[PDB]
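Each of two forms of one protein chain follows alone as C-alpha cells, named structure 1 and structure 2.
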Structure 1
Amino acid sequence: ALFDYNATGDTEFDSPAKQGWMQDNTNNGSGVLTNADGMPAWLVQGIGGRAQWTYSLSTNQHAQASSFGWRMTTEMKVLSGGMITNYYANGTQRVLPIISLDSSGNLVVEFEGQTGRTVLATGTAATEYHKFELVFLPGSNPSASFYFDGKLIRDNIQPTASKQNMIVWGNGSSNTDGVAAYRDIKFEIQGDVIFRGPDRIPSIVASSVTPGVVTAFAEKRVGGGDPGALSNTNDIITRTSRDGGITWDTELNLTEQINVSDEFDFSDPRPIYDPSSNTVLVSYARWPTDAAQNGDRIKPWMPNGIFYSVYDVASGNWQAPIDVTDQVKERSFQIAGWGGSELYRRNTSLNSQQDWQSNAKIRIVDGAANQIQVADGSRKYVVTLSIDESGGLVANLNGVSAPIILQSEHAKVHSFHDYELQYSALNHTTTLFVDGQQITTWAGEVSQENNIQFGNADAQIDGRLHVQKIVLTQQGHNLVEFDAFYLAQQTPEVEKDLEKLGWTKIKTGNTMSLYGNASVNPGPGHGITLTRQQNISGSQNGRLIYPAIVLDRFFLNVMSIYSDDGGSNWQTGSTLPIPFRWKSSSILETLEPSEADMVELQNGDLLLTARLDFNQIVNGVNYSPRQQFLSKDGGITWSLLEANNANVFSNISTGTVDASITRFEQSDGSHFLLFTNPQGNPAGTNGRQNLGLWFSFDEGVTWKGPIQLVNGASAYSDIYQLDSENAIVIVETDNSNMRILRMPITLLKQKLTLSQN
C-alpha cells in the first residue's frame, strides 16, 4: 500500500492537508507551496518552531509492514537548518535519519543511536533536490538501508526505540531551525494481498512496451485443493494493474466460459509476455474435475489438455481461449528398453518373389538399438535407429557396415519420421525412404523369417522408441496395420493389448511400455521469449518457450513446448535426461523433475531450475529437492548440471517447492538473474517460511546469499522485472493468500557488491 504527497502545482490541492496528511507544528513553524523557477513543492518552515507532517496507520498496517517490509522515498531540497526528520515509526521502534546542513554548508547524514556522520553532498549540490530512500527488510534480525541518489550510504541500521507511531516528514525540532522543499514523499507497505486462499499457484509478467502494465494469474480453487478433486472446480484467474502494481482491476475468471458445467479443472497459468505484438499469452492445463496428475490417476483418454488465452495489453481485451492439446499431447505406443530388451513380432506370409511395402512412424527419444525388421521368409531387412553422442539420428542397416547420418537438427533428431521400406522382387532388394527421402537400397541377410517386427533389441543396450503406426502391404492389400496414435486415445473398452491384438511380445530384463501420453501440464510460473538465439544452431529469435510437465503414465518429467511461429503453432522438445536404476524387478529408481523455470542466458544457452518431486536419490547419489539443467540448442534437449542443485543456494529450504527465476536488465547495460524460494525459519530448513532472493552475477554458475523478503509463510513465488529499477514479486503467504512485493533490485543489489575491511 502507498501513502504519499506530491507537488501538483495547483493551489487548493497541493496542500499536504489535501493529500491526507496531518499538520504538526509549533509557533512560527510554517509551511507553504513554493514554485521556484517553476519548481512546485511544499516548503517546510521550521524556523522557531517545528513544522512537520504526519500520517497515522493501523495496527494491521504496521503488522503488514513488519511481515513484508516498507520503503520510504523522499525527493527534497534542504534549504537551511537541520533536524529534517523524514521517517517511519510503529509503537515500539523507529528508524530515524537526520538530514541537515553542517556549519560548513554541506548536506550531511546521521542516524539515531548510530555513531558516525556522512556527507551526502557538498557545495551547491547540498541545496539541490535529491532522492532519499529508506529500505526495510523484514527478518528475525531486521534492518534497513539508506540510499542517497541510488547510492547506498549506510546499511544495517538497527531500529531504535520510541512509542511514537506514524509516518512523518519535515522539521521535527521546535528549537532547531530547518527549511526544505519536498517535491515528493512516498511510503510503501509491501505485500498487498491480490489473490486470496484457497486460490493458489500465481504467476506474473509485465509489459516493457507499455510501462506499468502488469499481469498476474492464479487458480480460482472453489473447494480448495489440487486439480482432480471431485470436491472442487478450479479455474484460472487474472488481474492487471496499469500502475506498476499499485492498484488492480477486478479478478477475471478466464475459464468459466470454457467450463460450462464445471466439468473440468484448470491449472498452472503459465503466461508469456510477447514484445512484438505486446501481448500476454497464458497457457494452462485442463483435466476432468475428478482426475489429474496426483496419484497418476490421469489417463491418456481423459480430457487433459492445454489451452491459451491472449491478452491485448493495448486495449486490455482478452480473446476466447484456444485449444492446442493436439499439437502438444503425443498419442503413441511407447517402449523403454532401459535395462531390458522389448520386442513385438507378428508372423506374416509374404511371398518374397513378389513386391512389398513397409511403413512405420517412429520417434527415437534416446539411445540405440531401437529397430524395425521386415523378413519375408527368404531375407531380412533391419533398420537400426539410434542417437549420436552428437545428438544426431543415425541408421544402421543390416548386413551393412557404414552408419548413415539421418538427421542433424536436434529438433528433427527427436521428432517423428515416416520410415518406408520398398521391396523390389524384380532385382531382389529394398529401399529406405525417410519421409519421401530415398536414402539407400540394400538386400539384407538371408533367413527363413517371414516377419514384421519392431522394438528395442538388446537387454544391455538402452534405447526408447515410440510408435504411432505400422503397416505392411503386398500385392494391393494390407497384411498388417497397427495404429498406436488411434488406440492410445481410446477408452479401456477398445482392445489395445498388442498380444491379444496379434503380436508376440519378446522381452528380456526390465522394460516398460505404455500407450500415448497421460497428460501435459504447462507449469506454475511464467514463460519467456528468446532473443539471444542468433548464434545458436537451429533455434531462432522470437521463440515463445516454456518447460511443461509430462506425465507419461507413472513418471513425471519436463519438456519444452515452443513456438517459432509467434504462437499459432506449437512444438515439443525432448525430455530431461534422468539417471535410472532397477532396485529390483518391477521396482524402478529415478528422479521425477516437475515444477520448472527457465532463463535465457547471455550467450543464448537455456538455464532450467526444476523441482524433484517423489524420490531424490538414485544409486546412492543424492539429488537435492532441486536440479538445474542446461540447453545449448534453444530448449530442444538438455544436459544435467552435475552438482548444480539445491546446494547451489545458501540457506535455501530443504523442502520441495516451486521457485522462480528471471533476468534483470539494467538501463546501463548490465544484467543478472533473480531467484526466489523459501528458506525455512531456521538455517536452510524443510519449511515454507521466509521467502528469500538470490542473484547470480556469473550466469548461474554461482549465486549470492539469500536476502530475506518476508517474515512468515512463504510458498510458491514468481518474479519478473517491473521496470529499470524494479522487480515485482508475487507469493503465497498466510493461508496461501498471494501478496505483491515491489522490490528495488538496483538498491538491494548493493548490499552484496561492496567490499570493506
Structure 2
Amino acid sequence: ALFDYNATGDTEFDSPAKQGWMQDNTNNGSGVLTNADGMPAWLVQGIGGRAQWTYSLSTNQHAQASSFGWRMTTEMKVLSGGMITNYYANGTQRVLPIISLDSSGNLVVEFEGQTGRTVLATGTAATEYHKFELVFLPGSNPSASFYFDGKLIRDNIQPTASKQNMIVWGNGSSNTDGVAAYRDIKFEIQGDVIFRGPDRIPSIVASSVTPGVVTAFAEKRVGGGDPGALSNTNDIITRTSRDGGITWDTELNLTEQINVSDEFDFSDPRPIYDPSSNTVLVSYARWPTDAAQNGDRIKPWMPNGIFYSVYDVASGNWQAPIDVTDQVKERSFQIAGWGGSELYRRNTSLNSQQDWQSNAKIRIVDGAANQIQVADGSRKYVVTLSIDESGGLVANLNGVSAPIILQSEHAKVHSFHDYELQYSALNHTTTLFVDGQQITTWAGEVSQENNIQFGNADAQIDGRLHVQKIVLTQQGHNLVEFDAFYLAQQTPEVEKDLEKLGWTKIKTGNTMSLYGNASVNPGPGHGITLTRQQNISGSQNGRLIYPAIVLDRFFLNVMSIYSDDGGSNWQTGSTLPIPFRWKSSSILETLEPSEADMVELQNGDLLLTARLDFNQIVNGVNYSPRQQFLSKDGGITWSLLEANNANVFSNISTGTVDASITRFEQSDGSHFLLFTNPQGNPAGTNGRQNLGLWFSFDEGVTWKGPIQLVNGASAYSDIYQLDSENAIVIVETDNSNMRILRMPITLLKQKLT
C-alpha cells in the first residue's frame, strides 16, 4: 500500500491535508505551497514551532510492514535549520534519520541510535533538491539502509525504541527551527495480498512500452489443491495494475468460459510480454478435472493440452482462449533403446518380382542404431538414423559407405520426417524419399528374409526414436498398417499392443517403450521474448519461448515450447539431457526436471534453472534439488552445466520448490540476473520460508546474496523488472496468500558489495 503526497497547485489537492495527511504543528509552525522553484512544492515552516504532517496506520498495516518491509522516498530541499524528520514509527520502534544544515551550511544526516554524522552535500548543492530513500528489510535482525540520490550512505541501521505510532514528514521539533520544501513523499508498505489461498502458483510480467502496466496470474483453486483432483475445479485468474503494481483491477477468471461444466482443471499460467506488439500472451495447461500430472494419472487419450489467451496492454482487453494442443502435444509410439535394444518385426510375403513401397514417419530423439528396414525375400534394405557429433541428422544405408546428412538445423534434426522406400522391380533398386524429396537409390544386400522391422537395434548403442506411422504396400494393397498417431489417442478399449497386433518384439538389455506423451504443461513462472539472437544460428529475435514440462508416461523432463511467428504457431524443442543408469540391470536411475525458468544471456545463450523432482542421485552423483542448463541454439537443445546446481545459490533452501529468474537492465545499459527462492529457516535447511534474492553479475557463473526479502512463509515466487530501478515480486506466503513486493534493485545491489 502507498501513502503519499505529490506537490501540486491543482485546487482539489493543493495541500497535504487534501491528500490524506493530518496537520501536526505547534506554536508558530506552519506551511504553504511554494512555486519559486518552477515546480510546486510544499514548504514546511518550522520556525518557532513544530511543523509536520502525519499519517496513522492500523495494527494490521504495521504487522505487514514488519514482515514484508517498507520504504520511504522523499524529494526535498532543506532551506535552513535542522530536525528535518521524515520517518515511520510503529508504536514500539522507529528508524529515525535526522537531516539538517550545520553551522557551515553543509547538508548532513544523523541517525538516532547512532553516533556521529555524515555530510551529504556542501556548497550550493547543500540547499538544492535531493532524493532520499529509506529501505527496511524484514528478518530476525531487521535493519534499514539510507540512500542519498541513489547512493548508499548508511547500511544496517538498527531500529530504536519509540512509542510514536505514525508516518511523519517535516520539521519534528518545537524548539529547533527547520525549513524544507517537499516535492514528493512516498511511504510504501510491502506485501499487499493480490490473490488469496487456496489459490496458488503465481507468475507476473510488466510492460516496457506502457510503463506501470503489470499483469499477474495464479490458479483459482475452488476446493483447493493441485489439478487432477475430483474435489476441485481449477481455473486461471489474473489481475492487472496500471500504476506499477500498487492498485489492481478485478480478479478475472480466464478459463471458466471454456470450462462451462467444470469438467477441467487449468494450471500453470506462463505469461510472456512481447514488446513488439505490447501484448501479454499467457499459456496454460488443461487437464480433465479428475486426472493430472501428479502420480502420472493423466493418459494420452485424456483432454490434457495447452491453450493461450492474449491481453492488449494499450486498450486493456483480454481475448478468448486459443487451443494449440495439436502443435505441442506429441502423439506417437516411443522406443527408448537406452541400455538395450528393442525391435519390432512383422514377417511378410513381399514379391521381389514386383514393386513395393513402405512409409515410416519417424523422429529421432537421440543417439544412433535407430532403423527402419524392409526385406522382400531377395534383398534387405536398412536405413539407420542417428545424431552425429555436430548434432545433425544422418542416415546410413546398408551397403553404402558414405553417410547422408539429412538435416543440420537442430530444429529439423529432431522433428518428424516421412521416410518412404520405393522398390522398383524392373530396376532391382530401392529409392529413398524423405518428406516427398528423392534422396538416393541403392541395392541393399542379398537376403532371404521377408519382413518389415523398426526400432533401436543395438544394446551397445543408445538411441531413442518415436514413430507415428508404418505402412508397407504392394500391388495397391497395404500389407502392414500401424498408425501410432491414431492408436496413442485411443482408450484402453482399443488394442494397442504391437505383439497382439501381429508384430514380434525382439528385445535385449534394458529398454522402455510407450505410447505418446501423457501430457504437456507450461510450468510455473513467466516466459520470454528473445532479443539478442542475431548471432545464434537457427534462432531469431522475437521468438516467444518458455520451458514446459512433458511427461512421456512415467518420467518428467523439460523442453522448450516456442513460436517464431508471434504466438500463432508453436513448436517444441528437445528435452533436457540428463544422466541415466541401470542398477543390477533392472532399476532405472535418472533425473526428473520439472518446474523451470529461463533467461536470455547477453550473448544470446539461454540459461535455464530447473527444479529436480523425485530421484536426484545418479551413479553416485548428487545433482541437488535444482540444476542449471544452457542452450546455444535459441532453446532447441540444452546442455547440463557441471557443478552449476543448487550449490551456486548460497543459503538456498534444501527443499524442492519453484523458483524464478529474470534479467535486470539499468538505464546506463548495464545488466545482471535476479533469482528468487526460499532460504529456509534456518537459512540452508528444508523449508518454504524467508524468500531470498540472489544476483548474478557474470552471466550465471556465480551468484551473490541472498538478500532476505520476506520474514515468514515463502513458497512459489516470480520476479520481473518493473522499470529501470525496480523489480516486482509475487510470492506465496501465509496459507499461500500471494503478496506483491516492489524492490529497489539499484539500491539493494549496493548492500552486496
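Sequence positions of structure 1, starting at 1, serve as the residue numbers. Note that the rigid core is defined as the largest set of C-alphas that superpose within 1.5 Å between two forms.
Per-residue Cα shift between structure 1 and structure 2 after core alignment stays below 2 Å for all of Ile587, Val260, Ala320, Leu230 except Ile587. After superposing the rigid core, the C-alpha of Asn735 moves by less than 2 Å between structure 1 and structure 2.
If you fit the rigid core between structure 1 and structure 2, you'll see the Cα of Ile707 move by less than 2 angstroms.
Core-superposed comparison between structure 1 and structure 2: the Cα of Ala63 travels less than 2 Å.
For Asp37, the CA shift between structure 1 and structure 2 after superposing the rigid core equals 4.1 Å. On core superposition, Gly399 has its C-alpha offset by 1.8 angstrom between structure 1 and structure 2. With both forms fitted on their core, the C-alpha atom of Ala369 sits 0.2 Å from where it sits in the other form; this compares the forms between structure 1 and structure 2.
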